[PDB]
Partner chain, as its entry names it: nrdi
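Let's start with one chain on its own, the form deposited without its partner chain, as structure tokens.
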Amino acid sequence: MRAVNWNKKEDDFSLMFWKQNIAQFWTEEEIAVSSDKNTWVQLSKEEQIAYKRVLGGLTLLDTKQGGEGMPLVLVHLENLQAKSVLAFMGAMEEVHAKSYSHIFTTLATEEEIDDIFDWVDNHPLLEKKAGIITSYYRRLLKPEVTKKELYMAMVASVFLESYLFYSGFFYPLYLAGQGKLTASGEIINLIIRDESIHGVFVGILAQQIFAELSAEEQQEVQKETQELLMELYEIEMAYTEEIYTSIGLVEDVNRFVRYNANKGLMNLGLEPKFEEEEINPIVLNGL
């Protein structure tokens, strides 16, 4: 029945976000990465392996967001303009996921790349965090869904895009901020420019539906949000310990994770959970 009519606004922001999403369009071929080989080779074995691991985890999350997250969230939306922006955002998640293969092809050998993906595949923490987020999406695999089911999928999507990536983004930023792997750092920043607006946008949509829930549903959903935040946080602390102890950065990354959880909460129109904390300055420089 209904066709998208962009000459009549369905809300006050999808247009702005549409324009911004397309004005930020990019693909991996615009950033040559071969000059990062020079600094790559000067990384210790522990640093190389951490970089590869985090990029692997990043690639998984984008794989989920583009192939489950955006499609299952947008499919049910009655707002056809908003739905359009989210479709475009999904495509961009794939461009992101592919970017990381572009980085890998200059850095690593065939066999090394196989190893990265075998590792990401068999990883219990990555499996656990991706499955938690993704079960909210997969709840929407039925003909009709409630506002509350849709709201929690949106919470889960903002937690992925504004929060769960950042344990991974820490390290390429942290290397780039020191003039190391700067071309790959450039790509990661393009990805961040995108993820930043994705988190805002789906949070705006979440806040709209939140205002349409009953008082009772509002509190079920808030209790759920806090449990979900903290279920994810526990896994992130384990993740950060596994990945970063070898290179002595665990507590720096944890501060960064907490900071980005807070931003996720903010995007949802919610109050911070962790103490305000200064972010590592060399990652600020990498940004």
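Note that the rigid core is defined as the largest set of C-alphas that superpose within 1.5 Å between two forms. Positions refer to the first chain, counted from 1.
Asker: Which segment is farther from the shown form on average in 7 other deposited structures of this protein after a rigid core fit, 272-280 or 14-22, going by CA atoms?
Answerer: Greater root mean square C-alpha distance in 7 other deposited structures of this protein: 272-280.
Asker: Return whichever of 218-226 or 24-32 has the larger RMS Cα deviation from the displayed form in 7 other deposited structures of this protein, where every structure is aligned on the rigid core.
Answerer: It is 24-32 whose C-alphas lie farther from the shown form in 7 other deposited structures of this protein.
Asker: Averaging C-alpha B-factors over each stretch, which comes out higher, 269-277 or 20-28?
Answerer: Result of the comparison: 269-277.
Asker: Where do the C-alpha atoms have the higher mean temperature factor in this entry, in 195-203 or in 113-121?
Answerer: 113-121 has the higher mean C-alpha B-factor.
Asker: For the listed residues 134, 214, 189, 162, which one has the largest C-alpha B-factor as given in the deposited model?
Answerer: Among 134, 214, 189, 162, the PDB entry lists the largest C-alpha B-factor for 214.
Asker: Looking at 99, 157, 178, 79, which has the biggest Cα B factor in the entry?
Answerer: If I rank 99, 157, 178, 79 by C-alpha B-factor, first place goes to 178.
Asker: Would the CA B-factor of residue 88 place it in the lowest, middle or highest third of its chain?
Answerer: Bottom third by C-alpha B-factor.
Asker: Using the temperature factors of the C-alpha atoms in this entry, rank residue 210 within its chain: lowest, middle or highest third.
Answerer: Residue 210: CA B-factor falls in the highest third of its chain.
Asker: What third of its chain, lowest, middle or highest, does the C-alpha temperature factor of residue 45 fall into?
Answerer: Ranked within chain, residue 45 CA B lands in the highest tercile.
Asker: Ordered by C-alpha B-factor within the chain, which third holds residue 107? Give me lowest, middle or highest, please.
Answerer: CA B-factor rank for residue 107: highest third.
Asker: Should residue 285 be placed in the lowest, middle or highest third of its chain by the C-alpha B factor in the entry?
Answerer: Highest third - that is where residue 285 ends up once the chain's C-alpha B-factors are sorted.
As for the form deposited with its partner chain bound, it is not shown, yet the points below apply to it.
Asker: Among 178-186, 194-202, 210-218, 147-155, which stretch has residues with heavy atoms no more than 4.5 Å from its partner chain in the deposited complex?
Answerer: Contact-bearing stretch, as computed: 194-202.
Asker: Using heavy atoms and a 4.5 Å limit, would one call residue 282 a contact residue for its partner chain in the deposited complex?
Answerer: Output for residue 282 is no: heavy atoms all beyond 4.5 Å of its partner chain.
Asker: Please determine whether residue 166 contacts its partner chain in the deposited complex, using a 4.5 Å cut-off between heavy atoms.
Answerer: Contact with its partner chain, yes.
Asker: Counting only non-hydrogen atoms and a 4.5 angstroms cut-off, does residue 233 reach its partner chain in the deposited complex?
Answerer: Residue 233: no contact with its partner chain in the deposited complex.
Asker: Is there any non-hydrogen atom of residue 259 lying within 4.5 Å of its partner chain in the deposited complex?
Answerer: Yes, residue 259 sits close enough to its partner chain in the deposited complex that at least one of its heavy atoms falls within 4.5 Å.
Asker: Verify the flagged residues 35, 38 and 242 against its partner chain in the deposited complex: is each one within 4.5 Å by a non-hydrogen atom?
Answerer: The answer is no: none of the three residues contacts the partner (heavy atom, 4.5 Å cut-off).
Asker: Looking at its partner chain in the deposited complex, which residues in 103-137 have at least one heavy atom within 4.5 Å of it?
Answerer: Read in sequence order, no residue approaches its partner chain (within 4.5 Å, in the deposited complex).
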